[PDB]
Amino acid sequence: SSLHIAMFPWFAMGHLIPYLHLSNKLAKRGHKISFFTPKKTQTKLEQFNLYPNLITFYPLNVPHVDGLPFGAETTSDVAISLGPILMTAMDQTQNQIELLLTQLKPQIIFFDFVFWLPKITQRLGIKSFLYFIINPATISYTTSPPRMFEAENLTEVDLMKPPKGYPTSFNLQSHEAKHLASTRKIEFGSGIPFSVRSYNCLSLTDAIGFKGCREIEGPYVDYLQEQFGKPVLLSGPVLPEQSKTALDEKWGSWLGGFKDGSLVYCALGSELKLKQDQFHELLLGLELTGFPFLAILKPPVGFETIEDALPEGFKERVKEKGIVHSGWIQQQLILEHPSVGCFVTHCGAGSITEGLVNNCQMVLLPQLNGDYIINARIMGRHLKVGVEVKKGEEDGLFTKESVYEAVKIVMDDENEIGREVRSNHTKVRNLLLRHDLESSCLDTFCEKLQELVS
């Protein structure tokens, strides 16, 4: 029997897009989807609704919070430092969520971040489902019960080792463990420390789910089910669905001018701005390779245009071999273009999936975020599908030479490390795209959802 599922993702394109990819897959199986989205953002999402008779968008008015820029709805609209104010705004949609649930009466609601929701759904006889599109390895590492019980006694040294029972081994750098130790405590919406918020969600929800498959995410989902004692489901890897919009002719034309697999595509998602010095090092490092390149970057902190921030003489030198562009582009369609030989990625979970299912060599440039870093270690050290750019142990900065080196290694047909990561990427791609992998993930996913509402 088909389920009625409401979708309430965090106000970020990296959550809205995979929630919508999964919504399409569920609607293909006959499930009805009530998709809650920020009002103005809906227009940018219609692109991905492949089943409009089963997936209905319901607009939310993102309420004012002092300090929130006017009209902002998504982390793509605000600086990263304003994230916590946008969380307060999510929290403030509770009254219009409460009334949406009372009239739509879904059986289940998928959600991010809003730990006040499972109390409302329990009142309404709705099952609450905390659905993560970040890596379960990340939540396991930072937000499992052993971490939370040390409360404010958790130090950087504590975060250099995994919590008790963690299924896997990888190494963080000092500046990374410092980042996790401090940001953990910072308020993220309505006065709630960041890790406490996610821990409240994990503790109060009826069930948990993650993007992923047993073959990769399995050990972390098993750890989390053991720790929190409730079902932790896998949706499958949320393979991107095809958009209703073809590749912009202007990019298709320009990309088509380059030899197959010769171009380096670099993008760091839609939420982040580099500091100027690392903006310069990254671009000079791309230039040093001599390969054509497309870099999708916001102007660095303090700057409003790409032009103003470019290293001196850069435009005149790179000529028509390189473009630095700050607008939103069709990343999934660009990564499929045969010109792209290399993807320099900030290791956002969505970008990771989009690179893995394509042929591009992966260069890992994780930005300062627990999920990006943990994704980069898993991809670089466990799956060994990419080469990570070296950062300073204490300062977290990279040189132009380290960018150049990583791209040169993966692009060199005769380099054994490049051949190794190509071979391992092929293995992972063949797994993720296996004819029965995503479908059997979704088979199990939907049976366990049926169990949840039983």
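Start at 1 with the first residue shown and count on from there.
Of the other entries compared for this protein that flank it with modelled residues, a third or more give no atoms for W116. Comparing the deposited coordinates for 376-384 and 121-129, the stretch with the larger average C-alpha B-factor is 121-129. Relative to its counterpart among 278-286 and 101-109, 101-109 has the higher mean temperature factor, C-alpha atoms as listed in the PDB entry. For the set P366, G302, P136, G209, the PDB entry assigns the largest Cα B-factor to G302.
You'll see in the entry that, of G261, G269, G256, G218, the Cα B factor peaks at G256. Looking at the C-alpha B-factors along this chain, the one for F188 belongs to the lowest third. For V65, the recorded CA B-factor ranks within the highest third of the chain. Only modelled residues enter the ranking.
Remark: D395 belongs to the middle third of its chain, ranked by C-alpha B-factor as recorded. In this PDB entry, the Cα temperature factor of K28 sits in the top third of its chain's modelled residues, the highest group. When the modelled residues of the chain are ordered by C-alpha B-factor, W251 sits in the highest third.
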